[PDB]
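The sequence lines fix the lettering, A, B, ..., with proteins before strands; numbering per chain opens at 1.
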Amino acid sequence: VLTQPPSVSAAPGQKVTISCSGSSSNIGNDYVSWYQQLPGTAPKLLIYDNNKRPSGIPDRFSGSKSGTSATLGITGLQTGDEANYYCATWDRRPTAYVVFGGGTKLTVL
Amino acid sequence: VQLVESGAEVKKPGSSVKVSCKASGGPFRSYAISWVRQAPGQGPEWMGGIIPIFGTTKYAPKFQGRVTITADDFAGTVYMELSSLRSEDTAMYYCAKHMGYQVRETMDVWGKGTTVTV
Amino acid sequence: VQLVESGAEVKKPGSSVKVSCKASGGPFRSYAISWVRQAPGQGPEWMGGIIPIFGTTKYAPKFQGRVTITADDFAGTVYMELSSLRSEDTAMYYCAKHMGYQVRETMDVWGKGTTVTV
Amino acid sequence: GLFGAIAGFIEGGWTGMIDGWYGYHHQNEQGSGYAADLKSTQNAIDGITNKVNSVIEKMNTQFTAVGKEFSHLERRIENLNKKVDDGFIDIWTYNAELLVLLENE
Amino acid sequence: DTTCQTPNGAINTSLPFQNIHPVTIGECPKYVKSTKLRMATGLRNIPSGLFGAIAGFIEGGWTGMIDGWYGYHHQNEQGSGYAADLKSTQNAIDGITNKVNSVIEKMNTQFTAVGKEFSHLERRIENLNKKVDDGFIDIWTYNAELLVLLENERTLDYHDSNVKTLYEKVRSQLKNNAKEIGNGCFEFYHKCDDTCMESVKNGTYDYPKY
Amino acid sequence: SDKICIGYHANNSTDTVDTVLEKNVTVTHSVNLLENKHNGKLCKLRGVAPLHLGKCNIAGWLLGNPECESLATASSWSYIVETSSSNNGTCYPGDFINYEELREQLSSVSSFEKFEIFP
Amino acid sequence: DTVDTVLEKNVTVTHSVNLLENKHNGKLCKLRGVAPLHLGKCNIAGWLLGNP
Ligand SMILES: *[C@@H]1O[C@H](CO)[C@@H](O[C@@H]2O[C@H](CO)[C@@H](O[C@@H]3O[C@H](CO)[C@@H](O)[C@H](O)[C@@H]3O)[C@H](O)[C@H]2NC(C)=O)[C@H](O)[C@H]1NC(C)=O
Ligand SMILES: *[C@@H]1O[C@H](CO)[C@@H](O)[C@H](O)[C@H]1NC(C)=O
Ligand SMILES: *[C@@H]1O[C@H](CO)[C@@H](O)[C@H](O)[C@H]1NC(C)=O
Ligand SMILES: *[C@@H]1O[C@H](CO)[C@@H](O)[C@H](O)[C@H]1NC(C)=O
Ligand SMILES: *[C@@H]1O[C@H](CO)[C@@H](O)[C@H](O)[C@H]1NC(C)=O
């Protein structure tokens, strides 16, 4: 199971980083995706293939992975970016299955 | 591509509920389809998915034994049925499509969802 | 293959004349078509030609700027239009077909021609 | 493609070759340049024009065809006439679309 | 409760053809006099062509590859195993689904079509109506059968070519560091570990290094 | 000496297809485009029941045959069903003028209202 | 210009031809030098019978 900090807060116009830490069975040998979820709406894909962005996502969202921990970075923080951010991976050893992160609440001031 | 689910469901403990998901476009698809649920105030959870042409189905070990995913190809519909329903099974349900023909972590299009209540 | 032209033309200085050439067989050709004129008591002169499928047109430097060659493929017709007509433009005109799809010196089939007078 | 040449081990085309479909590009001490191949291009042009002509000649030209009038006590024959017209139109539409779809491939 | 009705019974289906009754009420599939109409989507089954790859120099298929149509089998000091190829399988799946959708969309649905009644002094128009019905039925049956027959052959040749293209790619990558021993396998002249096999499969084999 | 091989898929399916060059070819996957199954019942069309005449026909239904007293209440339907044993039409011998035209006209009617034109 | 194939859609090609016509001039015009007969407010019965 992947673990993230429960909550991060910052002033608008700043840069924030959210960490997704797992083990060698989930993150250390497979890619990591990053999703964004707004209240009342289904999760929206932000990052795939650990650094790639789907069409329509602003440039200010970025991602990376270093060993067993992935990171998601948001610059130019706005009021509309206050949402829940999740990390997902394809755990595969006993029986492969998608695992989501614990969740991180990003609060803007 | 647009994914639309059925209406809200309110049932009783010990019952069985079958939900459906319909995708726009041609009846035959070249991408896998998975089912994802979310509890109130909780993160999303993944039950399982289905693969085109090959037809293999994969399920999570938590829901293994009481979830069934089928597909009607000529109607372009995918059904998921949950049995031995309990109190904790109330949740918010989505059908999500993948980028390729294999089940993976990358779901790029999600539906609006439907609510299941006990 | 038979190439036929339109009727005789008598016009006025400063006018514009459009002539046509029709080839027998299938509407689509596999050979280029050129236009050749002759003055009374003089040798033949070459204006330009058109290439099948690609549609590129080539013109001689003497007639460059006042000659236009087009083709109607479904009707199997080739049009050549001369503008800013003058006194010396009176001549005898032919449409000639080539052996291949490229414009070259080898024209193997010629039409009867038409006369243009000012 | 079925033979793996176009967009296969030859990834892209040349905009510098203007006088043909297939050709060569050479480079040596004297200099570099393109040059089209004439025999293969000529054979391809012959084949393609033959195909287009064959497609054209198999569809004959429509002559005059106007409608008819029926009274209020002749609904069965009116319905039969309408059915015949619609059936023929559908058949010919299907034929044309299928022919184009196959010949492109 | 139904949507399509025939004098013999109600039909509950989404298939584009039926052979129950020419008379229908509602939204019903097209009627053909056929008995079998099956469209192939996979390759030839050899559990144990125009391009000579399937059942050619590769004599049989693998039941150990379950996640794809074409792939590799490797064996070295670490161990052996199968692995499907994703790009070719994805392209083939796209093409096959496109073909099936194109076949489906070209045959429009059948609406209400019931018979007529004629008296004993109206035999000519009755015969004309019967002739029209029979002619249209025959034409559509012929069209459906011919379409299926041709598309099956095209699909089989498609798969046969897709196998050979991958074989040629892998052969080109392994110019002189491997030996061609037939049956679709190459034997390495050096030690190819797991990383080397991964690089071979990915498409970025380092020829000068080895 | 380390090896790599290229191959294809195979399973235990037994479905066969027909080709213009060969018959009964076993393939790994296939689909069926023909339907040949029904339920063998006359059933409602989108929530509306049909009109079953039974022993009567169109002439006996509209004229008011004494044997069709059960059909005097029907006012809406989705389609009309007749039987080969429908023989209660015009009891008094005679000719019905333009009967087939009346059938064709009624073949596109969904409901009517019956009122007394001359009390 | 793009063409459609049974295996793929919207394929850009170097050259192509169009086989369908969908343009007219929106007028009633003479057929080979002979003008039509326009009845106007009358029909065939009123034309032949001699309606006022
Ligand atoms: C509704 O239709 C039924 C038939 O489906 C009518 O019943 C039939 O009426 C005819 C009248 O000619 C009967 O034929 C006669 O039968 C007697 C029997 O003794 C025979 O002696 C005569 O020579 C003649 O054949 C016929 O048997 C009878 N069939 C049945 C099964 O009853 C009925 O009258 C019709 N009702 C109407 C028109 O209101
Ligand atoms: C695999 O191939 C892709 C294709 O471009 C390349 O980007 C990547 O670096 C390759 N990976 C390895 C480990 O060779
Ligand atoms: C093929 O094998 C699978 C198990 O691998 C089995 O479920 C299936 O019933 C078999 N099919 C036939 C036709 O025997
Ligand atoms: C194909 O198989 C069926 C069923 O066994 C058989 O009746 C038929 O004769 C076979 N066709 C040929 C050409 O052998
Ligand atoms: C082909 O292009 C047209 C025009 O842009 C578009 O409407 C259509 O959806 C395209 N077809 C496919 C299969 O994407």
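Nearest heavy-atom pair, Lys22(B) versus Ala75(B), reported as atom, atom and distance to 0.1 Å: CE-O, 3.2 Å. Residues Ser30(B) and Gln90(E) approach most closely at O-NE2, 3.4 Å, considering heavy atoms. Taking each heavy atom of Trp46(B) and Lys62(B) in turn, the nearest pair found is O-NZ, 3.8 Å. Among all heavy-atom pairs drawn from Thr63(E) and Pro47(E), the shortest one is CG2-O, 4.0 Å.
Classification of the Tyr35(A)-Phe100(A) ring pair by plane angle, with boundaries at 30° and 60°, yields tilted. Between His29(F) and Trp69(E), the two ring planes are tilted [angle within 30° to 60°].
Between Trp35(B) and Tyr59(B), the distance separating the two ring centers is not shorter than 6.0 angstrom. Aromatic pair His98(B)/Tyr31(B): ring centres not closer than 6.0 Å. Within the 6.0 Å centre-distance limit, the rings of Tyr167(E) and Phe57(E) are counted as a close aromatic pair. Ring centroids of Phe74(B) and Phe28(B) are separated by less than 6.0 Å, placing the two rings close together.
Using a cut-off of 4.0 Å between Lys/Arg side-chain N and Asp/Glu carboxylate O, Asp89(B) and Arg66(B) are scored as salt-bridged. For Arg44(E) and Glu22(F), the salt-bridge test passes: some basic side-chain N is under 4.0 Å from an acidic carboxylate O. In this structure, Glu168(E) pairs ionically with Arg171(E), as a charged nitrogen and a carboxylate oxygen lie closer than 4.0 Å.
Checking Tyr94(D) against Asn143(E) by side-chain atom types alone, no donor-acceptor pair falls below 3.5 Å. For the residue pair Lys9(G) / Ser102(E), a side-chain donor-acceptor distance below 3.5 Å is found, with atom types taken as modelled. At a cut-off of 3.5 Å, with distance as the only test, a side-chain donor of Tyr205(E) or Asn177(E) sits close to an acceptor on the other residue. For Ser16(B) and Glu81(B), the side-chain atoms include no donor-acceptor pair closer than 3.5 Å. Of the N and O atoms on the side chains of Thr77(B) and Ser20(B), not one donor lies less than 3.5 Å from an acceptor on the other residue. Under 3.5 Å, the side chains of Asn26(A) and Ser23(A) contain a donor-acceptor pair of N or O atoms.
Between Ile181(E) and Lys3(F) the shortest side-chain heavy-atom distance falls below 4.5 Å. The closest side-chain heavy-atom distance from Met80(B) to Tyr93(B) is below 4.5 Å. In this structure, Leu174(E) and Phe188(E) have side chains that are in contact, with non-hydrogen atoms separated by less than 4.5 Å. Considering only heavy atoms from C-beta on, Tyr70(E) stays 4.5 Å or farther from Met65(E) through its side chain. For the pair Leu156(E) and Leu43(E), the minimum side-chain heavy-atom distance is 4.5 Å or more. Side-chain contact between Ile47(A) and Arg53(A) is present, with heavy atoms from C-beta onward closer than 4.5 Å. Residues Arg37(B) and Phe63(B) form a side-chain contact, since some pair of their non-hydrogen atoms from C-beta on lies under 4.5 Å apart. Between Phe17(E) and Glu35(F) the shortest side-chain heavy-atom distance does not fall below 4.5 Å.
For the atom pair NZ of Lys191(E) and CD of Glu77(E), the computed distance is 4.0 Å after rounding to the nearest 0.5 Å. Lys37(F) NZ to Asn19(E) CG: the interatomic distance, rounded to the nearest 0.5 Å, is 10.0 Å. How far CG of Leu7(G) is from OG1 of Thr5(G): 7.5 Å, rounded to the nearest 0.5 Å. Atom-to-atom distance recorded for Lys97(B):NZ and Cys21(B):SG is 11.5 Å, nearest 0.5 angstrom. The OG1 atom of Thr70(B) lies 6.5 Å from the CD1 atom of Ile50(B); values are rounded to the nearest 0.5 Å.
The stretch residues 55-90 of chain E participates, sequence neighbours left out, in no disulfide (SG to SG under 2.5 Å) pair at all. Listed by first and then second residue, the salt bridge (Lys or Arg N to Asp or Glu O under 4.0 Å) pairs that reach into residues 56-73 of chain E come to none, sequence neighbours excluded.
Between the side chain of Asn11(F) and the main chain of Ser13(F), a donor-acceptor pair closer than 3.5 Å is present. Between the side chain of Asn45(E) and the backbone N or O of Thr26(F) there is no donor-acceptor pair closer than 3.5 Å. Here the side chain of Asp94(E) pairs no donor or acceptor atom with the backbone of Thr97(E) at under 3.5 angstrom. The main-chain N or O of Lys65(A) is never found under 3.5 Å from a side-chain atom of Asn50(A) such that the two would form a donor-acceptor pair.
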Let me see the working for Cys185(E) and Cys5(F) under disulfide bond (SG atoms under 2.5 Å apart), right down to the final yes or no. CA-CA 4 Å; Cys185(E) 39; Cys5(F) 328; 4.7 Å; no
Does the pair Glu180(E) and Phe186(E) meet the rule for a side-chain contact (heavy atoms from CB on, under 4.5 Å), with working shown? CA-CA 5 Å; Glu180(E) 226 178 321; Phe186(E) 307 85; 3.7 Å; yes
Evaluate side-chain hydrogen bond (donor to acceptor under 3.5 Å, both in side chains) for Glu5(B) paired with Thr114(B), printing each intermediate quantity in order. CA-CA 7 Å; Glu5(B) 307 95 356; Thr114(B) 193; over 6 Å; no
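Within a 6.0 Å sphere centred on CD of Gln2(B), other residues, nucleotides and ligands contribute 12 heavy atoms or fewer.
Results of the side chain to side chain contact (heavy atoms under 4.5 Å, CB included) test with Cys87(A) over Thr3(A), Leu2(A), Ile27(A) single out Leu2(A) as the only residue that passes.
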